[PDB]
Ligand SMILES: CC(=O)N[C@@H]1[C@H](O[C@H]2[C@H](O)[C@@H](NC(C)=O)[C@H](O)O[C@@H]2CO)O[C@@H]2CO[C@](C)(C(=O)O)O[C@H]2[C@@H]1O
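Single chain ahead, written as structure tokens, the form solved without the ligand.
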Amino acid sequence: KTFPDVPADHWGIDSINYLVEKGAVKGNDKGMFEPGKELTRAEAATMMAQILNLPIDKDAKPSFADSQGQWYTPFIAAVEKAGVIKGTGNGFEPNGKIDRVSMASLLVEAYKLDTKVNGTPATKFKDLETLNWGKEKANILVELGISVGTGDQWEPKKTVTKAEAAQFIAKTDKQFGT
């Protein structure tokens, strides 16, 4: 599968090709990959369900009142069942944009990445030093070289694009998928 908006020598091409092969990403009706498109939490959850080859049962429902009655519902059901996501009494917000720290959480839970590091990873970014949720998860991605360091900020609240998500997921799955 080739995409006009992801040329052969463009970053993300190998990651994207891997996910296409695994049935975990696609382009749109126009043939476009839309690499810069900001992903929703449901879209990220779906990519995860597909790459992990979780059983998708069309009638399965996740716990969350906010994630029913839509295309994403059985995918959210699958990822919840697998423990890739949990609930924190506050729904899943499927149509909210996913941020880097939430993506880190999906990856760490899906691949049990805490079991792939020795001890507790150091904090290498000032914006992780006092982060109130997800610090340990971000620190694991850093320790494993899955993220993406660009200075003194990890940018935990920054939204994740489709191509960025493809990179995180392809790299992690190729390394730790079972």
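Shifts are known only where both forms have a C-alpha. Numbers for residues come from their place in the sequence shown, where the first is 1. Here, rigid core means the biggest group of C-alpha atoms that superpose within 1.5 Å across both forms.
Below: the form deposited with the ligand bound, not depicted.
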Three residues, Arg41, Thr88 and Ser102; all within 4.5 Å of the ligand in the deposited complex via heavy atoms? yes
Which among 132 to 140, 48 to 56, 145 to 153, 115 to 123 is in contact with the ligand in the deposited complex, heavy atoms within 4.5 angstroms? 132 to 140
With the cut-off set at 4.5 Å between non-hydrogen atoms, does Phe92 touch the ligand in the deposited complex? yes
At the 4.5 Å heavy atom threshold, is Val108 in contact with the ligand in the deposited complex? no
How about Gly91 - superposed on the rigid core, does its CA move between the shown form and the other one by 2 Å or more? no
With the core fixed, which bits of the chain, 3+ residues long, show every Cα moving 2 Å or more between the shown form and the other one? 87 to 89
